[PDB]
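Heads up: the sequence lines are chains A and B, in that order. For the first sequence, the positions run 166 to 212 when full-length UniProt numbering is used. For the second sequence, the positions run 433 to 456, 458 to 484 when full-length UniProt numbering is used. Below: the structure, in structure tokens.
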Amino acid sequence: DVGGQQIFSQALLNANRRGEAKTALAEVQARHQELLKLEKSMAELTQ
Amino acid sequence: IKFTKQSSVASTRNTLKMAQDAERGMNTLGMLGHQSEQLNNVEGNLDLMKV
């Protein structure tokens, strides 16, 4: 035969992407602790 | 992760609210300026009484 075959295609993500808890967005934990510290200090200052 | 970010948003909102509340210190400066003008008057009356 000839020109008797078509083809589909699939896709893989990036390795650098890896997980979802990869800091800069997941380290919002540590940052939240910073923000809570900020909030406590501001509460005192406003008082 | 989403929950922590939401908590961070709420925290920064409250911090901003309180900071604005703190700023509304200016009423204290206004009052201190008023009391300063009064004390300037007290000083003038005292000087006159010395004479």
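Even for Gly, the Cβ is constructed at its ideal location relative to N, Cα and C.
B/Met-464 has a beta carbon lying at 8 Å or more from every beta carbon in chain A. Rounded to the nearest whole angstrom, the C-alpha separation of B/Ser-439 and B/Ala-451 is 18 Å. Counting only Cβ-Cβ distances below 7 Å, B/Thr-436 has contacts in chain A at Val-193, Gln-194, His-197, in chain order. For A/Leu-210, the closest alpha carbon among the candidates B/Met-482, B/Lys-449, B/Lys-483, B/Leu-472 is that of B/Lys-449.
For B/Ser-440, the nearest beta carbon of chain A is closer than 8 Å to its own beta carbon.
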